[PDB]
Structure formats: structure tokens, C-alpha cells
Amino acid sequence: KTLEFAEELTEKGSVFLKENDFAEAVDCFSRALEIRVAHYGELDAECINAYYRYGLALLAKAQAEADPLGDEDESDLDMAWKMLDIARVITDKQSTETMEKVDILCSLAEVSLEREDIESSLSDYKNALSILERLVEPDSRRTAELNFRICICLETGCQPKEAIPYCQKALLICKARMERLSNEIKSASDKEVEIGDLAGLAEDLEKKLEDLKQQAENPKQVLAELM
């Protein structure tokens, strides 16, 4: 019932989650959240973390208990959505947007992908990216990553034309970060290793961009514009 006991439940839930004991992790995080809500209120800022942890554990559980070939799984997904969305709504009442909000939005996007809801995941990622563009440097790897996740959501959703500028942005971010590290060299070993890493990533992104431009030329994709 005390806050310290909720803290013990949270630490043990984290351990259970690392050890792939998803059921017990969800039980611990559920109990910690209930204690925190009873102390601070259902929609209080002090509960954000506990909602987030619980949502994350539920997502993990739903992913591990699904069989791709073919319910606890759908119920856990719906509850993960609920808990992460409450974390988001509470976060929305704070003046400054933080990386925790970015992360909550990315976790919500992943829930939506598991529910096969590409539109929601798209909105979640776009929101997260617009926050990230205020929080971190223009050539941040996290910004490149979110651009890429947007473009693959759009590709899987039959919108390759729209995916193209997001993939291009991810590629340009990788090359800009390359050139910036190159100028800084002008830890040196660490920067040069990262330059090579980014060059490989850029080539993978350039291949993805070629495939996207080809998909956007498919007759059904392009006829409306041609007409």
C-alpha cells in the first residue's frame, strides 16, 4: 500500500521483464500502478511512469503470447493501448514536451502496428518526430530513425509516393551526420567508426528509396497523377 512497496514492485517488474517473465512483470507493474493511482490520482503527473511501464510490459506480453500462424493476446494489446494512451493524455497537460512523450508515442505506434492499424501508427510517429525536431540536433540518429519508420509505415500502407520524402530525409540526415563527424575529425577512432556505420546505413536507405520510387511508378499508384 505504501509508495516504497510500489517501488519494490517496480524494480521486480523490471527484473521479470528482462528475464522474459512477461506474466509476472505485468502483475508487478499492475500493482505498482494501482498503488500510485490510489496515492496521487488516476490522471496525475506522478503516475505517468507507472502507466508507461505497465503499457510497455503489456505490449511485451502481447507480442510474446501471439503466434503468427494464428483471447489473452488481443486483450493485452487493448490494455497496452489504454495504459500508454493514459500516459500520453496526462503528459499532454505538461507545459514542456519531453523525450518521454516521444517514447510514449513510439510505443503507441507499435501497439497500433500490432493491431494492424497503420493510420494510427503513422499519426503517432509524425507527432513523435515533430517533438524530436525541437528536442535534438537536426542530424540526430533518432530523427533519421523516425523518418524511416514513417516511410515504411507509408509503404506498407500502399502510399510509396508519400513514403519517398521521409526516406530521402533519413538518408540526407545520415549523410549530413557523416560530413559533420568528418569535419570534426579535421574518439577520433570512434567518430570514424560511426562515419563508416552511417555510410552503410545510407546505402541501405538509398536501396529502399529506389524500391519506393519503383513502387510509386506502379500503374495503379501513378495513373491518377498521369490522368
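In case it trips you up, residue 1 is the first one in the sequence shown, and so on.
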### Task
Report, from the record, the number of residues in the deposited sequence between residue 70 and residue 71 that have no coordinates, as none, 1 to 3, 4 to 9, or 10 or more.
10 or more
### Message
I need to verify one thing: averaged over C-alpha atoms only, is the B-factor higher for 157-165 or for 38-46?
### Response
38-46
### Task
Please work out which of 87-95 and 106-114 has the higher mean CA B-factor as recorded in the PDB entry.
87-95
### Summary
From 188, 26, 33, 59, the top C-alpha temperature factor is at 188
### Task
Could you tell me which third, lowest, middle or highest, the C-alpha B-factor of residue 74 occupies within its chain?
highest
### Query
Hey, what third does residue 175 fall into on Cα B-factor, ranked over its chain?
middle
